[PDB]
Amino acid sequence: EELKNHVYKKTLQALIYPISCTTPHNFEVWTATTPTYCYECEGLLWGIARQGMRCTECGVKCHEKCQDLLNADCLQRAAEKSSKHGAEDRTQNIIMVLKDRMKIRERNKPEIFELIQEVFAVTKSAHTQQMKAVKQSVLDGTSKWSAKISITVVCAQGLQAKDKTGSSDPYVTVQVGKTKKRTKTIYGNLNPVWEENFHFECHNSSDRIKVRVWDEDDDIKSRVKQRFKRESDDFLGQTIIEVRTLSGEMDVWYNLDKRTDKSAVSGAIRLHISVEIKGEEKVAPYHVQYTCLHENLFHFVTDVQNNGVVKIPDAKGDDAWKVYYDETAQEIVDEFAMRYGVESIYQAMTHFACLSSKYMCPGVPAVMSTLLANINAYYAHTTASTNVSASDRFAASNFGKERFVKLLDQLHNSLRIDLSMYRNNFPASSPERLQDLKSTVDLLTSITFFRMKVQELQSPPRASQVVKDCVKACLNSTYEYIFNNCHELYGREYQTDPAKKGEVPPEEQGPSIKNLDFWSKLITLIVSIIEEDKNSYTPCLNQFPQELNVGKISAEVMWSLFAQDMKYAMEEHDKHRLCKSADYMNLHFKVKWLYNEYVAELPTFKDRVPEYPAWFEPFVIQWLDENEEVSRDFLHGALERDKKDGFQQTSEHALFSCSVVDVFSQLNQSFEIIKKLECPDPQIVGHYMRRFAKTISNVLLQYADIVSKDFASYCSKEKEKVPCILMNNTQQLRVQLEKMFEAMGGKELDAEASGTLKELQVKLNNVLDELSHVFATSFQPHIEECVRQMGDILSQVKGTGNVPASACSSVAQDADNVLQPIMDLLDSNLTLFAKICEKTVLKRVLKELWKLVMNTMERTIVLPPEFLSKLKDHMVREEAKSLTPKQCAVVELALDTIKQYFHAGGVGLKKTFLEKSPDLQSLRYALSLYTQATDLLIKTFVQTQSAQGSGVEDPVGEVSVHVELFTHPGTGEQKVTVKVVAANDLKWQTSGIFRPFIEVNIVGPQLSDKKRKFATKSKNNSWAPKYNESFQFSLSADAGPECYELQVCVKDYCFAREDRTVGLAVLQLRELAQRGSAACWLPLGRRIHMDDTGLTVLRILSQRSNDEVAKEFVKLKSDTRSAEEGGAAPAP
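Residues numbered from 1 in each chain as written, not as in the entry; some residues may be left out. Part of a larger assembly, values for the part shown. Heavy atoms only, no water.

(A) Seen up close, the overall build of the protein. Within the protein one finds 36 helices and 19 strands. The C-alpha atoms of the protein give a radius of gyration of 74 Å, which is well past the 32 Å a tight globule of 1132 residues would have. The proportion of buried residues among the 1132 residues of the protein is 52%. Considering only contacts within the protein whose residues lie at least 6 apart along the sequence, 72% involve residues at least 24 apart. Here the protein displays about 49,900 Å² of accessible surface, and carbon together with sulfur accounts for 54% of that area. Each charge class in the protein was averaged separately, 140 positive and 151 negative side chains, and the resulting centres sit 3 Å apart. (Helix = DSSP H or I, 4+ residues; strand = E, 2+ residues; numbered from the N terminus. Rg over C-alpha atoms; globule rule 2.2 N^0.38 Å. Buried < 20%, exposed > 50% of the residue type's maximum accessible area, 1.4 Å probe, protein only. Contact = heavy atoms within 4.5 Å. Areas by Shrake-Rupley, 256 points an atom, 1.4 Å probe, with all protein chains shown as cover. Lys, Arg positive; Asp, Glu negative; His and termini not counted. Charge placed at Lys NZ, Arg CZ, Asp CG, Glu CD.)

This is the structure:
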C-alpha cells in the first residue's frame, strides 16, 4: 500500500507538470567587466577573475558554478532573470504558464490522470483532491522558497564564564527574520547540552539565522539592566548563518562571536538545523517506484481493461521491448522514467516479469522471445564496451539478476512442460497454436541463448535435446494412450461401423484373443500419428531441422512400442487359434506392408532382417497343415474321380491321367499362397519349405502308392492302356516334381526340404521300376506260352543240311513260322505301348519284357523242353535231329527280328543294351555249345562233373587204388601209375566160380589215340581180392589233370564165356594234381551221377552219334553195373 500510494502521488506530480513542459538555458560565457551579483547565489562576479554565464533565452546572469544551480527551466529562469533585470510581472506570467500548462495537460490528456486514478484504483473525487494536492505541489510550489526551519540548539563547548555561580548559566536565543525564541538554561556549565528545537519561517534564501548565547542572570542587576539593555543575561557569544548555506537537515558546530558592550566570548555552539524546502526525499529508489507503477499498470491493462488478455502494446520496432503500453500508459511510465531517470533495461525486465504471469496468451511467446532477445542483447552486447562480464553487468542490474534468473527458469520449465505435451497443448488443428508453438521454441532458443550469453553458462541444456525429450514424452504419452484406448481412438477416428466408436471392452482397446481387429486398428492409429508428426509438427518445429525430424522420431518411437506388443499378441493367438489361419495371413500382409512402409527405412531397422515373420510363422505352419490335409483329401478325391474315369490318358499324347494335373495344380495354388508371403527371414522360409516338402512327399508318395496298389489289378492283358497311363502318371509326377522343386527355388532350396524332395524322387523312381516289372510280368504267361509254341514250331526245323526242303525251308520262312506266335503279340502291344507310354516308362517296361523274353527263349527254346526233357528221360537220347547250323540260324534271325522289334528303330531299347544283353549273350552262348567240338564238350563235361567222386548212391563194394600222377620223366606228358591194390565188400556172390579182376579206365579230352583201359589178372573165389598190379595211363600233354578222371570198374573173369561188370567208381585227377599220389578207397557205384551241364554236353555229344569219341564217351558215362549177384537199384 505505502509504495503504491507514494507512487500514485509521484506519478500524478510527475505528469501534471510533465518534465516535457521544460526549456533549456542557452548560456554564453560572459565577463562581469564590473562587480556583479549572481542571480542564483547573489555572490560576486567580477572581471576575468570571477566570470559568469549570461543566458540568452533566460537572459540570466550567474556564476559558472551557479548556471546549473539556477534550478528552474528556461521559461522560469527567463521569468526570474526578467525580475532581476526589472520586470517582476514576468514571474507571475510564468506562474500562469505553469498553471496553463497543467490546465492544458489535464484538458488535453485527462486520460493520463484518469488512468493513474484507475490503475491506483483511487476515486474521481479523491483523485480531484490529491490532484489539488499535486497541482498545489507545483502551483502553490510554482516558485517557492518559503522554508520552514527547525533549529535544534544542541550544545556548546569552551564558553566564557559570566555567572552568579562563577561558571555560566548558558541559554541561547535563536532569531530568523524579526521572530525570536530561546532555549531553557543549562546552569553552572561552560560545555552545556540543550538539544532544544525552535521552529521558524523564512521566505528568502538571502536571510540570516542569528544564534546568541546568554548567561541567565536573574538578580537585582538584571532587573536594573532590563530598563536600559534588551539582553539582560550576560552574553556568552553568537553565530550568524546565511539561509542559502542551509538545506534539508544539518548538524554543525560554529565558533562564537561578540555583540553587546558587555561581551567577553569564547568557544563554539552545535546547532542541528532542519529546512523544509525538503520534499519527497522518501523516494523508494526510483527503480522500485517505477516497478510499482509498472506492475499496477500491467495488471490494470491486462486484467482490468483486457480481462486477463494481454493486449500487445501500441509498440514500435523490436523496441516493442521498450514500449510496454499504449501512448497514455507509455507516457505515464516514460515521464516517470524520465523525471526519475529509470533505465530502459530495468523497465524491460519489469515488463518481462509481468508478461511471464500470462505467457500462454496468443502471440506472447513471440513478444517474450523478442523482449528476451533484447534483454539478452542488452546485457550481452549493449555496454559490453565495459570489460565487465555479461553475467556481472547483469548482476549490476538494479532489477536484481537473481530475480530475473528465477523468472527465466520458471518460464523455461513452464515451456518444457507445455512442450512435453506439445500435441495436446498446441494441436495441429490450430495453426495459431502451431505458431505460438513455433514462437515458443524461438523463445526457448532465446532463453538457452540468455543462459549461454548473459548468465555465461558453458553447457546449458541444448534447445534441440530439451525439445527431443518433450517430443519423446509426448509420443510415449500418445503410445500409452493409444495402446490402452485403441478402440475409443480407432472408434472415433475411423471405425468402419458407428456402433464400434465407443468404449468397447478393455480386452479390445488393448489386445483381443478372439480377433485381429484391434491390431488392424492399432496399425491405422500408428499411421495417422506419424503422418501428423511428419506433416504438421516437423514443419512447425523446423528450428533444429538436422536434429528434429518429428515424423521420424514418431515412426521409431511408435513402431518400437508396437512391435513388442504385437509379438506378444501373435504368441498369445498361437495358444488359442480363435481367428482362422487366413486372418493371420491377412494381418501378415498388413504388417509386412506397414514395416516395409514406415519402419524398414529408419536406419535402426534398415540395419536388420525383419523379426515380424517369426510372429506369423506358426499361423503359416497351421495354414500349411490345413492345406496339406485338404490337399490329401483332395488327392484321394482326384485319384478317385480319375479312377471313376477308368484312368483315361489326358489325351492320346498327354499320356498320364488328369489327377496328376489336378494335384500339381493344387500343389502350385498351395505353394503360391506360401510364396506370396516372401518372408524376409530365410530360415523361417526354410521351415515352411521343410514343412511343405514333407506335404509334397506325403501327398506324392500317397499318390504313387494309391497307384502302385491299383496297378496290378490294371496289369491284366486288356486294360493295358491303364498301367501304361499309371506309369506315365508316376513319371509325370517325377517330371512335374522336378519343376515344382525348381519353383520352390531348385538348388537354392533349403537343404532338408531338398533332402526330402530328393528322397521322394528316388522312391518315385523305385516305385516306377516295380510298376514296370509288375506290368511286364502280367504278360509273362502269354510270352511263355507263345515262346513254347515258337519252340514247338522250331522242332519241325532240324539240322536241315541233313533234312528235306520243307524244313530246309529258308532260314527266313522257318524264322517267320517260328516267330509268328510272338510277333502278333509284340507288334500290336509294342505299337500300342509306343503310342501310349512315356519313354522312361516304356524303356523300363521293355527292359523287363526283354529280359523276360530272352530268358524265356533261352529256357523254352535253346535249352528247350524239346531237347533235354527227352535225353535225361526214358524218351530219346536226343539229337533234336541235330541242332546244326540251321536251327542256329532261324533262331539267330528270329533273335535279330525280335531285337529290331524291341529296338523299334530306337523308340524301344538301345541296340547297345540289346547287343550287350546278358540275356542275349547267354542265349548266344548256349547256342554256341550246340555246334562245339567233341573234346571241348568232353572237357566241359569233366570240368563241370567235379561231383563225380564226392558221393556214390548205394555202393556195391570199393577199390583200393594207389595212384601216382607222374608228370612223366621220359616225355613231360602226364602219366598215371594206377597200382590196383585190392577190392573190398564186392556184392557179387555168383553161381559159377567167382574170378574178379579190376579194369581201370581214363576219361577226359584227347583220348582217341591213348589206351583208355587196363585190366588186372583174376583172383579165384575172393570178394576182397588183392592184385598189387600197376597200370600206366597217358593223359594229354595240353589238358591238365583237372580235365581228367579215372573210371575204375571191377569185373568177373569167365574164359570162353563173357566177363561181367561188378561196379564203377570215378577218381578225379584234379585231386591227384594236388596230392601227386593217392592211396584211396573208391566206393563202387552202380552208375555215375551228372548235372545239367553234364547233361547239356551229353545232349550235344549224343548229337555226335557217329563220332567214335562222342559215342565212347556217351557210352562210358551211360555205363552201368548189372544188378545180378548184388541186389538193389541205382540212383541218378
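(B) Main features of unusual backbone geometry. Within the chain, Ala 121 stands out as a residue other than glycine whose phi angle is a positive 55°. Within the fold, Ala 121 resides in the loop between α4 (110-119) and α5 (124-139). A positive phi angle is found at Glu 195, which is not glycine, with a value near 50°. Relative to the assigned elements, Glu 195 resides in strand β7 (residues 193-201).

(C) Fine view of the sheet that holds strand β3 (residues 61-63). Pairing within the open sheet is antiparallel, and its three strands lie in the order β1-β2-β3. On the outer flanks of this sheet lie β1 (27-37) and β3, each paired with one strand and no other. Shown here is a sheet whose adjacent strand axes are inclined to one another by a mean of 50°, direction ignored. Pairing of strand β2 (residues 44-55) with β3, which is carried by three bridges, proceeds in the antiparallel orientation. Within β3, the position partnered with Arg 54 by the bridge is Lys 61. (Pairing = 2+ DSSP bridges. Axes fitted to C-alpha atoms, helices over the stretch in contact; angles between N-to-C directions.)

(D) The packing of helix α26 (residues 751-794) against helix α28 (residues 839-862), seen in detail. As a packed pair, α26 and α28 sit with axes 7 Å apart at the nearest point and diverge in direction by 35°. Crossing angle aside, the handedness with which α26 passes α28 is right-handed. By residue class, the composition of the contact of α26 with α28 is 15 nonpolar, eight polar and seven charged. (Left-handed = near helix turned anticlockwise from the far one by under 90°. Nonpolar A, V, L, I, M, F, W, Y, C, P; charged D, E, K, R; others polar.)

(E) Up close: helix α14 (residues 431-453). Across its 23 residues, α14 extends 32 Å between first and last C-alpha, which sits within 8% of the 33 Å expected from 1.5 Å per residue. Inspection of α14 places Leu 434, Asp 436, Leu 437, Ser 439, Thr 440, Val 441, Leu 443, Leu 444, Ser 446, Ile 447, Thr 448 and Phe 450 among the buried residues, and these make up the whole buried set. Structurally, α14 contributes buried residues whose contacts are with α10 (364-380), α11 (390-395), α12 (401-420), α15 (463-484) and α18 (517-540). (Expected span 1.5 Å × (residues − 1).)

(F) Representation of the UniProt feature "binding site: Ca(2+) 2" in the protein within the structure. Following the UniProt record, the feature "binding site: Ca(2+) 2" maps to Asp 163, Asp 215, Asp 217 and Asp 234 here. Across 72 residues of sequence, these annotated residues stay compact in space, with a maximum C-alpha separation of 8.1 Å. Mapped onto the fold, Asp 217 is located in the loop between β8 (208-215) and α6 (220-225). Judged by its relative accessible area of 7%, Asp 217 is buried. The residues touching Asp 217, leaving out its near neighbours within four places in the chain, are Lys 164, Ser 222, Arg 223, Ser 232, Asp 233 and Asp 234. Assignment of secondary structure puts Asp 234 in the loop between α6 and β9 (235-242). If sequence neighbours within four positions are ignored, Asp 234 has contacts with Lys 162, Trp 214, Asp 215, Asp 217, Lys 225 and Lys 262. For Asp 234, the side chain forms a polar contact with the side chain of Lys 162, separated by 2.8 Å. (UniProt positions renumbered as here; feature names shortened; annotations may be inferred. Polar contact = N/O pair within 3.5 Å; in protein donor to acceptor, adjacent residues only side chain to side chain.)

(G) Summary view of the environment of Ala 147. Following the sequence through the fold, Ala 147 ends up in the loop between α5 and β4 (148-157). For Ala 147, a relative accessible area of 1% corresponds to the buried category. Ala 147 sits 127 residues away from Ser 274 along the chain, and the two C-alpha atoms are 9.6 Å apart. In this view, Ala 147 contacts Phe 200, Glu 201, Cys 202, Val 275 and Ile 277; residues no more than four positions away in its chain are not counted.

(H) Up close: the packing of aromatic side chains. The final tally for this structure, using the stated rule, is 47 aromatic pairs. Here the aromatic rings of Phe 394 and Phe 450 are separated by 5.1 Å at their centres, their planes lie at 90°, and the arrangement is edge-to-face. With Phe 394 in helix α11 and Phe 450 in helix α14, this pair connects stretches of sequence that are 56 residues apart. A centroid spacing of 6.2 Å and a plane angle of 80° characterise the contact between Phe 711 and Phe 775, whose relative ring orientation is edge-to-face. One end of the pair, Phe 711, is in helix α24 (residues 682-714); the other, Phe 775, is in helix α26, with 64 residues separating them in the sequence. Assigned by exposure class, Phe 711 and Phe 775 land together as buried. (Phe/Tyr/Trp six-rings, centres within 6.5 Å; stacked < 30°, edge-to-face > 60°.)

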